[PDB]
């Protein structure tokens, strides 16, 4: 369950050392930070701890995929300690490791108010439990070593806080291996739990899911689970052409087509009919002569077909209208996946227009939840983060929740 978890607001931190797992996996260009959003996002949990009299806050995270080898020239967290000091108005001590005797001593009984940032957890194979050696071979971590790694992390605080939703789908040492009596979700995780519980357990009605993406076959469990919960579903993006080819015999040109997904389209429509779910597919398209930002563009409908050579890379104006009609009926919306190639301006109108409708919906009291990854990227690109109810901080984690799975990092949190 998402509803029965201990959170930071209910956790007594006064005089306690707080070991906190954060998401500082920020985008980099040669170990310099291009977007600090994820660092700003953790600040409320850190300041709460400091303001409520925590003895220390020890921050642990990963960055990139070092795959269990130390790579401090390429994937060090050191630049984050500088960024964090800017954002907190407080000195941040950066340590060049995250476990072992020197780190445990630094963290044993620090001065009241101390903020410490540890080096990349994924420099140790014991964090993910497997990785690659410098020859590129697979290695798995050894049990006794995983135990020692976990025990060393657990020394660094008296209580544990997880504010890294983006890793909560992974049974990694920092997510599930910290052995302290109280394990609480921080304020980012609290928001994720609150919104996705509402969504998956007791949504407002009508509940609309907006699903986009390239393939059908890798989204079958997502679609199937959402068909158990929703009243309406928009299917957009590249995956729509598989549905349209199968159901209408549409000529789709060089548009994405999922041969294995094609074999289950009617099975999905069948379940939608059985559950009384209204499916809204697109009816018109912006076409491209190739998969390129500066492609020549055209227009098509289902009735016209797409010319051979050409591909549908966005929905068209009548599709936007049908999509807006479903948004207008909704009292709750989950949106996972853009409805066209939003990275390229010529193919971004459908996604921007739908975002405008979703913002207007929120204004009139719709609960609007944006999945992590590409849909969240659109909100940042068009500055709509504060104009929807919730923008999830974890792509892979939000997708696994929406598929109906239990997240090992959430499960590891204390109950009540």
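Numbering follows the first chain given and starts at 1.
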(message) So, looking at the entry's B-factor column for Cα atoms, which has the higher mean, 9-17 or 388-396?
(response) 9-17
(request) Between 230-238 and 108-116, name whichever shows the higher mean Cα B factor according to the PDB entry. (result) 108-116
(request) Compare the CA B factors listed in the entry for 75, 187, 323, 344 and report the winner. (result) 75
(request) Between 200, 222, 171, 333, let me know which has the highest C-alpha B-factor in the entry? (result) 200
(message) Splitting the chain's C-alpha B-factors into thirds, which one does residue 216 fall into?
(response) highest
(request) Would you mind checking where the Cα B-factor of residue 140 ranks among the modelled residues of its chain, as the lowest, middle or highest third? (result) highest
(request) Relative to the other modelled residues of the same chain, rank the CA B-factor of residue 155 and answer lowest, middle or highest third. (result) middle
(message) Please place residue 350 in the lowest, middle or highest third of its chain according to the CA B-factor in the PDB entry.
(response) lowest
(request) Quick one: classify residue 289 as lowest, middle or highest third of the chain based on its Cα B-factor. (result) middle
